[PDB]
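Engineer: Structure: coords_14.csv, CSV, N, CA and C atoms and all ligand atoms.
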```csv
chain,number,residue,atom,x,y,z
P,1,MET,N,-6.5,-12.5,-27.1
P,1,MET,CA,-7.1,-11.2,-27.5
P,1,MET,C,-6.1,-10.2,-27.1
P,2,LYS,N,-5.9,-9.1,-27.9
P,2,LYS,CA,-4.9,-8.1,-27.6
P,2,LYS,C,-5.5,-6.9,-26.9
P,3,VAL,N,-4.8,-6.3,-26.0
P,3,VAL,CA,-5.2,-5.0,-25.3
P,3,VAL,C,-5.4,-3.9,-26.4
P,4,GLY,N,-6.5,-3.3,-26.3
P,4,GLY,CA,-6.9,-2.2,-27.1
P,4,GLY,C,-8.1,-1.5,-26.6
P,5,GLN,N,-8.6,-0.4,-27.4
P,5,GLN,CA,-9.7,0.4,-27.0
P,5,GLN,C,-10.9,-0.5,-26.7
P,6,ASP,N,-11.6,-0.2,-25.5
P,6,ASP,CA,-12.8,-0.8,-25.1
P,6,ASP,C,-12.6,-2.3,-24.6
P,7,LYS,N,-11.4,-2.8,-24.5
P,7,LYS,CA,-11.1,-4.0,-23.8
P,7,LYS,C,-11.1,-3.9,-22.3
P,8,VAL,N,-11.7,-4.8,-21.6
P,8,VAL,CA,-11.4,-4.9,-20.2
P,8,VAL,C,-10.2,-5.8,-19.9
P,9,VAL,N,-9.2,-5.2,-19.3
P,9,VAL,CA,-7.9,-5.9,-19.2
P,9,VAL,C,-7.6,-6.1,-17.7
P,10,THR,N,-7.2,-7.4,-17.4
P,10,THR,CA,-6.8,-7.7,-16.1
P,10,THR,C,-5.3,-7.8,-16.1
P,11,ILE,N,-4.6,-7.1,-15.2
P,11,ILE,CA,-3.2,-7.1,-15.1
P,11,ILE,C,-2.7,-7.4,-13.6
P,12,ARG,N,-1.6,-8.2,-13.5
P,12,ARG,CA,-0.9,-8.3,-12.3
P,12,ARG,C,0.3,-7.4,-12.4
P,13,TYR,N,0.6,-6.6,-11.4
P,13,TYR,CA,1.6,-5.6,-11.5
P,13,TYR,C,2.4,-5.5,-10.2
P,14,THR,N,3.7,-5.1,-10.4
P,14,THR,CA,4.5,-4.5,-9.3
P,14,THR,C,4.9,-3.1,-9.7
P,15,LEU,N,4.7,-2.2,-8.8
P,15,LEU,CA,5.2,-0.8,-9.1
P,15,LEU,C,6.4,-0.5,-8.2
P,16,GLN,N,7.5,-0.1,-8.8
P,16,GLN,CA,8.7,0.4,-8.1
P,16,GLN,C,8.9,1.9,-8.4
P,17,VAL,N,9.4,2.6,-7.4
P,17,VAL,CA,9.9,4.0,-7.6
P,17,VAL,C,11.2,4.1,-6.9
P,18,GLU,N,12.3,4.4,-7.7
P,18,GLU,CA,13.6,4.4,-7.2
P,18,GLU,C,14.0,3.1,-6.4
P,19,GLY,N,13.6,2.0,-7.0
P,19,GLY,CA,14.0,0.7,-6.5
P,19,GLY,C,13.2,0.1,-5.3
P,20,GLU,N,12.2,0.8,-4.9
P,20,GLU,CA,11.4,0.4,-3.8
P,20,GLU,C,10.0,0.0,-4.2
P,21,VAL,N,9.6,-1.2,-3.9
P,21,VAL,CA,8.2,-1.7,-4.2
P,21,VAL,C,7.2,-0.8,-3.4
P,22,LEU,N,6.4,0.0,-4.2
P,22,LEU,CA,5.4,0.9,-3.6
P,22,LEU,C,4.1,0.1,-3.4
P,23,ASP,N,3.7,-0.5,-4.5
P,23,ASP,CA,2.4,-1.2,-4.5
P,23,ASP,C,2.5,-2.4,-5.5
P,24,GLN,N,1.8,-3.5,-5.2
P,24,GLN,CA,1.6,-4.5,-6.1
P,24,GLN,C,0.3,-5.2,-5.9
P,25,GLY,N,-0.2,-5.9,-7.0
P,25,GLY,CA,-1.5,-6.5,-6.9
P,25,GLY,C,-2.0,-6.9,-8.3
P,26,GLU,N,-3.3,-6.9,-8.4
P,26,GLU,CA,-4.0,-7.3,-9.6
P,26,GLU,C,-5.3,-6.4,-9.7
P,27,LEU,N,-5.5,-5.9,-10.9
P,27,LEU,CA,-6.7,-5.1,-11.1
P,27,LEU,C,-7.2,-5.3,-12.5
P,28,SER,N,-8.4,-4.9,-12.7
P,28,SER,CA,-9.0,-4.9,-14.1
P,28,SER,C,-9.5,-3.5,-14.4
P,29,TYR,N,-9.3,-3.1,-15.6
P,29,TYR,CA,-9.6,-1.7,-16.0
P,29,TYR,C,-10.2,-1.7,-17.5
P,30,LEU,N,-11.0,-0.7,-17.8
P,30,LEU,CA,-11.5,-0.5,-19.1
P,30,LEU,C,-10.5,0.4,-19.9
P,31,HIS,N,-9.9,-0.2,-21.0
P,31,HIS,CA,-8.9,0.4,-21.8
P,31,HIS,C,-9.4,1.5,-22.7
P,32,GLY,N,-8.7,2.6,-22.8
P,32,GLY,CA,-9.1,3.7,-23.7
P,32,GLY,C,-10.0,4.7,-23.1
P,33,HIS,N,-10.2,4.7,-21.8
P,33,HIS,CA,-11.1,5.6,-21.1
P,33,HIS,C,-10.4,6.5,-20.1
P,34,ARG,N,-9.1,6.6,-20.2
P,34,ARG,CA,-8.3,7.4,-19.2
P,34,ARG,C,-8.5,6.9,-17.8
P,35,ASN,N,-8.6,5.6,-17.5
P,35,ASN,CA,-8.8,5.1,-16.2
P,35,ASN,C,-7.5,4.6,-15.5
P,36,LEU,N,-6.4,4.6,-16.3
P,36,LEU,CA,-5.1,4.3,-15.7
P,36,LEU,C,-4.2,5.4,-15.9
P,37,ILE,N,-3.1,5.4,-15.1
P,37,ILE,CA,-1.9,6.2,-15.4
P,37,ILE,C,-1.6,6.1,-16.9
P,38,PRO,N,-1.6,7.3,-17.6
P,38,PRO,CA,-1.5,7.4,-19.0
P,38,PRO,C,-0.4,6.6,-19.7
P,39,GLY,N,0.8,6.8,-19.1
P,39,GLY,CA,2.0,6.1,-19.7
P,39,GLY,C,1.9,4.6,-19.6
P,40,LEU,N,1.2,4.1,-18.5
P,40,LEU,CA,1.1,2.6,-18.3
P,40,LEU,C,0.2,2.1,-19.4
P,41,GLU,N,-1.0,2.7,-19.6
P,41,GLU,CA,-1.9,2.3,-20.6
P,41,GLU,C,-1.3,2.3,-22.0
P,42,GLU,N,-0.5,3.3,-22.3
P,42,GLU,CA,0.3,3.3,-23.6
P,42,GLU,C,1.2,2.1,-23.7
P,43,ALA,N,1.8,1.7,-22.6
P,43,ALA,CA,2.7,0.5,-22.6
P,43,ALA,C,1.9,-0.8,-22.8
P,44,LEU,N,0.7,-0.8,-22.3
P,44,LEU,CA,-0.2,-2.0,-22.4
P,44,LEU,C,-0.8,-2.2,-23.8
P,45,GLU,N,-0.9,-1.1,-24.5
P,45,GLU,CA,-1.6,-1.1,-25.9
P,45,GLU,C,-1.0,-2.2,-26.8
P,46,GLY,N,-1.9,-3.1,-27.3
P,46,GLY,CA,-1.5,-4.1,-28.2
P,46,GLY,C,-0.8,-5.3,-27.6
P,47,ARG,N,-0.7,-5.4,-26.3
P,47,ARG,CA,-0.1,-6.5,-25.6
P,47,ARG,C,-1.1,-7.7,-25.7
P,48,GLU,N,-0.5,-8.9,-25.9
P,48,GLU,CA,-1.3,-10.1,-25.9
P,48,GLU,C,-1.6,-10.6,-24.5
P,49,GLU,N,-2.7,-11.3,-24.3
P,49,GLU,CA,-3.0,-12.0,-23.0
P,49,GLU,C,-1.9,-12.9,-22.8
P,50,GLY,N,-1.3,-12.9,-21.5
P,50,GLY,CA,-0.2,-13.8,-21.2
P,50,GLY,C,1.1,-13.1,-21.2
P,51,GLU,N,1.2,-11.9,-21.8
P,51,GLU,CA,2.5,-11.2,-21.9
P,51,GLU,C,3.0,-10.7,-20.6
P,52,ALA,N,4.3,-10.8,-20.4
P,52,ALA,CA,4.9,-10.2,-19.2
P,52,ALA,C,6.0,-9.2,-19.7
P,53,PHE,N,5.9,-8.0,-19.1
P,53,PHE,CA,6.8,-7.0,-19.6
P,53,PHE,C,7.1,-5.9,-18.5
P,54,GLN,N,8.2,-5.2,-18.7
P,54,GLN,CA,8.5,-4.0,-17.8
P,54,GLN,C,8.2,-2.7,-18.6
P,55,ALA,N,7.7,-1.7,-17.8
P,55,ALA,CA,7.5,-0.4,-18.4
P,55,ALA,C,8.0,0.7,-17.6
P,56,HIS,N,8.8,1.5,-18.1
P,56,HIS,CA,9.3,2.8,-17.5
P,56,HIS,C,8.4,3.9,-17.9
P,57,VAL,N,7.7,4.5,-16.9
P,57,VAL,CA,6.8,5.6,-17.2
P,57,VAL,C,7.4,6.9,-16.6
P,58,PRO,N,7.9,7.8,-17.4
P,58,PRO,CA,8.4,9.1,-17.0
P,58,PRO,C,7.3,9.9,-16.3
P,59,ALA,N,7.6,10.8,-15.4
P,59,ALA,CA,6.6,11.6,-14.6
P,59,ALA,C,5.6,12.3,-15.5
P,60,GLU,N,6.0,12.7,-16.7
P,60,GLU,CA,5.2,13.5,-17.6
P,60,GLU,C,4.1,12.7,-18.2
P,61,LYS,N,4.3,11.3,-18.3
P,61,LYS,CA,3.2,10.5,-18.7
P,61,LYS,C,2.5,9.9,-17.5
P,62,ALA,N,2.7,10.5,-16.3
P,62,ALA,CA,2.1,10.1,-15.1
P,62,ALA,C,1.7,11.3,-14.2
P,63,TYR,N,2.4,11.5,-13.1
P,63,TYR,CA,2.0,12.5,-12.1
P,63,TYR,C,2.8,13.8,-12.2
P,64,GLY,N,3.7,13.9,-13.1
P,64,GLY,CA,4.4,15.2,-13.4
P,64,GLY,C,5.2,15.7,-12.2
P,65,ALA,N,5.0,17.0,-12.0
P,65,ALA,CA,5.8,17.8,-10.9
P,65,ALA,C,5.1,17.6,-9.6
P,66,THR,N,3.8,17.4,-9.5
P,66,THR,CA,3.1,17.3,-8.3
P,66,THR,C,3.4,15.9,-7.6
P,67,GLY,N,3.5,14.9,-8.4
P,67,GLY,CA,3.6,13.5,-7.9
P,67,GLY,C,2.3,13.2,-7.3
P,68,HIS,N,2.3,12.5,-6.1
P,68,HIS,CA,1.1,12.1,-5.4
P,68,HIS,C,1.4,11.8,-3.9
P,73,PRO,N,6.3,11.0,-5.3
P,73,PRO,CA,7.4,11.9,-5.4
P,73,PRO,C,7.4,12.7,-6.7
P,74,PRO,N,7.7,14.0,-6.7
P,74,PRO,CA,7.9,14.8,-7.9
P,74,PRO,C,8.9,14.3,-8.9
P,75,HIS,N,8.6,14.3,-10.2
P,75,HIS,CA,9.5,13.9,-11.2
P,75,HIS,C,10.0,12.5,-11.2
P,76,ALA,N,9.2,11.6,-10.7
P,76,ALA,CA,9.6,10.2,-10.5
P,76,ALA,C,9.4,9.4,-11.8
P,77,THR,N,10.3,8.5,-12.1
P,77,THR,CA,10.1,7.5,-13.1
P,77,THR,C,9.4,6.3,-12.5
P,78,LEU,N,8.2,5.9,-12.9
P,78,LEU,CA,7.5,4.8,-12.4
P,78,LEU,C,8.0,3.5,-13.1
P,79,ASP,N,8.4,2.5,-12.3
P,79,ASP,CA,9.0,1.3,-12.8
P,79,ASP,C,8.0,0.1,-12.6
P,80,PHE,N,7.3,-0.3,-13.7
P,80,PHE,CA,6.3,-1.3,-13.7
P,80,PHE,C,6.7,-2.6,-14.2
P,81,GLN,N,6.5,-3.7,-13.4
P,81,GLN,CA,6.5,-5.1,-14.0
P,81,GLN,C,5.1,-5.5,-14.1
P,82,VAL,N,4.7,-5.9,-15.3
P,82,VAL,CA,3.3,-6.1,-15.6
P,82,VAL,C,3.1,-7.5,-16.3
P,83,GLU,N,2.0,-8.2,-15.8
P,83,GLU,CA,1.6,-9.4,-16.5
P,83,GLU,C,0.1,-9.2,-17.0
P,84,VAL,N,-0.1,-9.4,-18.3
P,84,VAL,CA,-1.5,-9.3,-18.8
P,84,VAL,C,-2.2,-10.6,-18.5
P,85,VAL,N,-3.0,-10.6,-17.5
P,85,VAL,CA,-3.7,-11.8,-17.1
P,85,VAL,C,-4.9,-12.2,-18.0
P,86,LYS,N,-5.7,-11.3,-18.3
P,86,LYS,CA,-6.9,-11.6,-19.1
P,86,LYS,C,-7.3,-10.4,-20.0
P,87,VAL,N,-7.7,-10.6,-21.2
P,87,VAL,CA,-8.3,-9.6,-22.0
P,87,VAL,C,-9.6,-10.0,-22.6
P,88,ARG,N,-10.6,-9.2,-22.4
P,88,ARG,CA,-12.0,-9.4,-23.0
P,88,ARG,C,-12.6,-8.1,-23.5
P,89,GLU,N,-13.6,-8.3,-24.3
P,89,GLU,CA,-14.4,-7.1,-24.7
P,89,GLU,C,-15.3,-6.7,-23.6
P,90,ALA,N,-15.6,-5.4,-23.6
P,90,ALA,CA,-16.5,-4.8,-22.5
P,90,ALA,C,-17.9,-5.1,-22.9
P,91,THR,N,-18.7,-5.1,-21.8
P,91,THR,CA,-20.2,-5.2,-21.9
P,91,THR,C,-20.7,-3.8,-22.3
P,92,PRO,N,-22.0,-3.8,-22.8
P,92,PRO,CA,-22.6,-2.5,-23.1
P,92,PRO,C,-22.6,-1.6,-21.9
P,93,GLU,N,-22.9,-2.2,-20.7
P,93,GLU,CA,-23.0,-1.4,-19.5
P,93,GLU,C,-21.7,-0.8,-19.1
P,94,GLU,N,-20.6,-1.6,-19.2
P,94,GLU,CA,-19.2,-1.1,-19.0
P,94,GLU,C,-18.9,0.1,-19.9
P,95,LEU,N,-19.3,0.0,-21.2
P,95,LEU,CA,-19.0,1.1,-22.1
P,95,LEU,C,-19.7,2.3,-21.8
P,96,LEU,N,-21.0,2.2,-21.4
P,96,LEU,CA,-21.8,3.4,-21.1
P,96,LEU,C,-21.4,4.0,-19.7
P,97,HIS,N,-21.0,3.2,-18.8
P,97,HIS,CA,-20.4,3.7,-17.5
P,97,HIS,C,-19.0,4.2,-17.6
P,98,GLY,N,-18.3,3.7,-18.6
P,98,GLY,CA,-16.9,4.1,-18.8
P,98,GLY,C,-15.9,3.5,-17.8
P,99,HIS,N,-16.3,2.3,-17.3
P,99,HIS,CA,-15.4,1.6,-16.4
P,99,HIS,C,-15.7,0.1,-16.4
P,100,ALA,N,-14.7,-0.7,-16.0
P,100,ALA,CA,-14.9,-2.2,-15.8
P,100,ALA,C,-15.8,-2.5,-14.7
P,101,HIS,N,-16.5,-3.6,-14.8
P,101,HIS,CA,-17.4,-4.1,-13.8
P,101,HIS,C,-17.0,-5.5,-13.3
P,102,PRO,N,-17.2,-5.8,-12.0
P,102,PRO,CA,-17.0,-7.2,-11.5
P,102,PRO,C,-17.8,-8.2,-12.3
P,103,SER,N,-17.3,-9.5,-12.3
P,103,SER,CA,-17.9,-10.5,-13.2
P,103,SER,C,-19.4,-10.8,-12.9
P,104,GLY,N,-19.8,-10.6,-11.6
P,104,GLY,CA,-21.1,-10.9,-11.2
P,104,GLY,C,-22.1,-9.8,-11.7
P,105,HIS,N,-23.2,-10.3,-12.3
P,105,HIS,CA,-24.2,-9.4,-12.8
P,105,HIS,C,-24.8,-8.6,-11.6
P,106,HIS,N,-24.9,-7.3,-11.8
P,106,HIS,CA,-25.7,-6.4,-10.8
P,106,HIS,C,-25.9,-5.1,-11.5
P,107,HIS,N,-27.1,-5.0,-12.1
P,107,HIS,CA,-27.6,-3.8,-12.8
P,107,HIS,C,-27.5,-2.6,-11.8
P,108,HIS,N,-27.0,-1.4,-12.3
P,108,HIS,CA,-26.8,-0.3,-11.5
P,108,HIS,C,-26.5,1.0,-12.4
P,109,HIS,N,-26.5,2.1,-11.7
P,109,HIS,CA,-25.9,3.3,-12.4
P,109,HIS,C,-25.2,4.1,-11.3
P,110,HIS,N,-24.7,5.3,-11.8
P,110,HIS,CA,-23.9,6.2,-10.9
P,110,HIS,C,-24.4,7.6,-10.9
T,13,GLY,N,-4.7,4.0,-4.4
T,13,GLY,CA,-5.1,3.7,-5.8
T,13,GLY,C,-4.4,4.7,-6.7
T,14,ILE,N,-3.1,4.4,-7.0
T,14,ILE,CA,-2.3,5.3,-7.8
T,14,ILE,C,-2.2,4.8,-9.3
T,15,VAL,N,-2.3,3.5,-9.5
T,15,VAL,CA,-2.3,3.0,-10.8
T,15,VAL,C,-3.6,3.2,-11.5
T,16,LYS,N,-4.7,2.9,-10.8
T,16,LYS,CA,-6.1,3.1,-11.3
T,16,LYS,C,-6.8,4.0,-10.3
T,17,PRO,N,-6.7,5.3,-10.5
T,17,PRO,CA,-7.3,6.3,-9.6
T,17,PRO,C,-8.8,6.1,-9.3
T,18,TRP,N,-9.2,6.6,-8.1
T,18,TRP,CA,-10.6,6.5,-7.7
T,18,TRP,C,-11.4,7.6,-8.3
F,1,CA,CA,12.9,-5.3,-6.6
F,2,CA,CA,-12.5,7.8,-17.6
F,3,CA,CA,7.8,-10.5,-22.5
F,4,CA,CA,-8.6,-15.2,-22.5
F,5,CL,CL,-12.0,0.9,-15.2
F,6,NI,NI,-20.7,0.8,-13.0
```
Would you mind giving the structure from this file in structure tokens?
Structural biologist:
Amino acid sequence: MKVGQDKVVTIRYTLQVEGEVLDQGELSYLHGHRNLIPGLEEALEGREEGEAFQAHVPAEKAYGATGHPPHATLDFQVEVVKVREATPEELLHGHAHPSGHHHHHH
Amino acid sequence: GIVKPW
């Protein structure tokens, strides 16, 4: 299944800024709901499950002048671990949910 | 949480 609108996507990633590993790990997100760094999601669009790729995200498609460093290019190494369609609850909440059932709201 | 903000 390909990454696209309303897919819940699991990625393994390493984030580098100016050659220094800032953060790495694995996370799942609901695609197409502005829940990721904008440039990263754009780079993930249309990727197949199992794909490994690098993405350069300029500050303007991320944190801009403020940063969170200013004007940094984010250097992502990404693995698309899993792609699935969202549940109705995920779509109405606008975010991905853990696999275990637990009815809730926010 | 910089990749997927809280
Ligand atoms: Ca390195
Ligand atoms: Ca959102
Ligand atoms: Ca590849
Ligand atoms: Ca699969
Ligand atoms: Cl999400
Ligand atoms: Ni929820």
Engineer: Report as a list in words the set of chain P residues whose atoms approach chain T to within 6 Å, with distances computed over all atoms listed in the file.
Structural biologist: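 That gives residues 35, 36 and 37 of chain P for chain P.
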Engineer: Provide the CA of residue 13 in chain P to CA of residue 26 in chain P distance in Å, to one decimal place.
Structural biologist: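 CA of residue 13 in chain P sits 6.2 Å away from CA of residue 26 in chain P.
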Engineer: List every protein, DNA or RNA residue that has at least one atom no more than 7 Å from (-2.3, -4.8, -8.2) in the file's coordinates, counting all atoms listed in the file, and write the result as an MDAnalysis selection string.
Structural biologist: chainID P and resid 11:14 23:27
Engineer: Name each residue within 8 Å of ligand CL 5 (chain F), counting only C-alpha atoms and all ligand atoms, as a ChimeraX atom specification.
Structural biologist: /P:8,28-31,33,35-36,98-101 /T:16
Engineer: Residues of chain P within 8 Å of ligand CA 1 (chain F): nearest atom pair and distance (Å, one decimal) for each, counting all atoms listed in the file, sorted by chain and number, as JSON lines?
Structural biologist:
```
{"residue": "P:16", "atom": "CA", "partner": "F:CA1", "partner_atom": "CA", "distance": 7.2}
{"residue": "P:19", "atom": "C", "partner": "F:CA1", "partner_atom": "CA", "distance": 5.6}
{"residue": "P:20", "atom": "N", "partner": "F:CA1", "partner_atom": "CA", "distance": 6.4}
{"residue": "P:21", "atom": "N", "partner": "F:CA1", "partner_atom": "CA", "distance": 5.9}
```
Engineer: Using only N, CA and C atoms and all ligand atoms, find each residue of chain P with at least one atom at most 6 Å away from an atom of ligand CA 4 (chain F); report its shortest atom-to-atom pair and that distance in Å (one decimal), sort the rows by chain and rising residue number, and return the result as a tab-separated table.
Structural biologist:
```
residue	atom	partner	partner_atom	distance
P:1	N	F:CA4	CA	5.7
P:86	CA	F:CA4	CA	5.2
P:87	N	F:CA4	CA	4.9
```
Engineer: Please identify every polymer residue within 6 Å of ligand NI 6 (chain F), using only N, CA and C atoms and all ligand atoms, and present the set as JSON, numbers by chain.
Structural biologist: {"P": [97, 101, 108, 109]}
Engineer: Return as JSON, numbers by chain every polymer residue, whether protein, DNA or RNA, with at least one atom no more than 7 Å from an atom of ligand CA 3 (chain F); count all atoms listed in the file.
Structural biologist: {"P": [51, 52, 53, 54]}
Engineer: Return as JSON, numbers by chain the full set of residues in chain P whose backbone-based DSSP assignment is alpha helix (DSSP H).
Structural biologist: {"P": [38, 39, 40, 41, 42, 43, 44, 92, 93, 94, 95, 96, 97]}
Engineer: What does the distance from CA of residue 56 in chain P to atom C of residue 82 in chain P come to in Å, to one decimal?
Structural biologist: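 Those two atoms sit 12.1 Å apart.
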Engineer: Taking into account only C-alpha atoms, which residue in the set P:68, P:9, P:90, P:17 is nearest to residue 55 in chain P?
Structural biologist: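 Selected residue with least distance to residue 55 in chain P: P:17.
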Engineer: One decimal, in Å: what's the spacing between CA of residue 105 in chain P and CA of residue 48 in chain P?
Structural biologist: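 Computed distance, CA of residue 105 in chain P to CA of residue 48 in chain P, equals 26.4 Å.
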Engineer: Of the candidates P:39, P:58, P:104, P:50, which shows the shortest atom-to-atom distance to residue 85 in chain P, using only C-alpha atoms?
Structural biologist: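 Nearest to residue 85 in chain P: P:50.
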Engineer: Give me chain T with N, CA, C and O atoms filled in, as an mmCIF file, in the frame of the given file.
Structural biologist:
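Output file result34.cif follows:
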```
data_model
loop_
_atom_site.group_PDB
_atom_site.id
_atom_site.type_symbol
_atom_site.label_atom_id
_atom_site.label_comp_id
_atom_site.auth_asym_id
_atom_site.auth_seq_id
_atom_site.Cartn_x
_atom_site.Cartn_y
_atom_site.Cartn_z
ATOM 1 N N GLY T 13 -4.700 4.000 -4.400
ATOM 2 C CA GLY T 13 -5.100 3.700 -5.800
ATOM 3 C C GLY T 13 -4.400 4.700 -6.700
ATOM 4 O O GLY T 13 -4.961 5.672 -7.185
ATOM 5 N N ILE T 14 -3.100 4.400 -7.000
ATOM 6 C CA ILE T 14 -2.300 5.300 -7.800
ATOM 7 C C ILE T 14 -2.200 4.800 -9.300
ATOM 8 O O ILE T 14 -1.997 5.650 -10.188
ATOM 9 N N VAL T 15 -2.300 3.500 -9.500
ATOM 10 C CA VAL T 15 -2.300 3.000 -10.800
ATOM 11 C C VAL T 15 -3.600 3.200 -11.500
ATOM 12 O O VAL T 15 -3.706 3.610 -12.670
ATOM 13 N N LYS T 16 -4.700 2.900 -10.800
ATOM 14 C CA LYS T 16 -6.100 3.100 -11.300
ATOM 15 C C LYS T 16 -6.800 4.000 -10.300
ATOM 16 O O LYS T 16 -7.446 3.479 -9.344
ATOM 17 N N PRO T 17 -6.700 5.300 -10.500
ATOM 18 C CA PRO T 17 -7.300 6.300 -9.600
ATOM 19 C C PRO T 17 -8.800 6.100 -9.300
ATOM 20 O O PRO T 17 -9.503 5.572 -10.105
ATOM 21 N N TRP T 18 -9.200 6.600 -8.100
ATOM 22 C CA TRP T 18 -10.600 6.500 -7.700
ATOM 23 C C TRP T 18 -11.400 7.600 -8.300
ATOM 24 O O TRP T 18 -11.179 8.785 -7.975
#
```
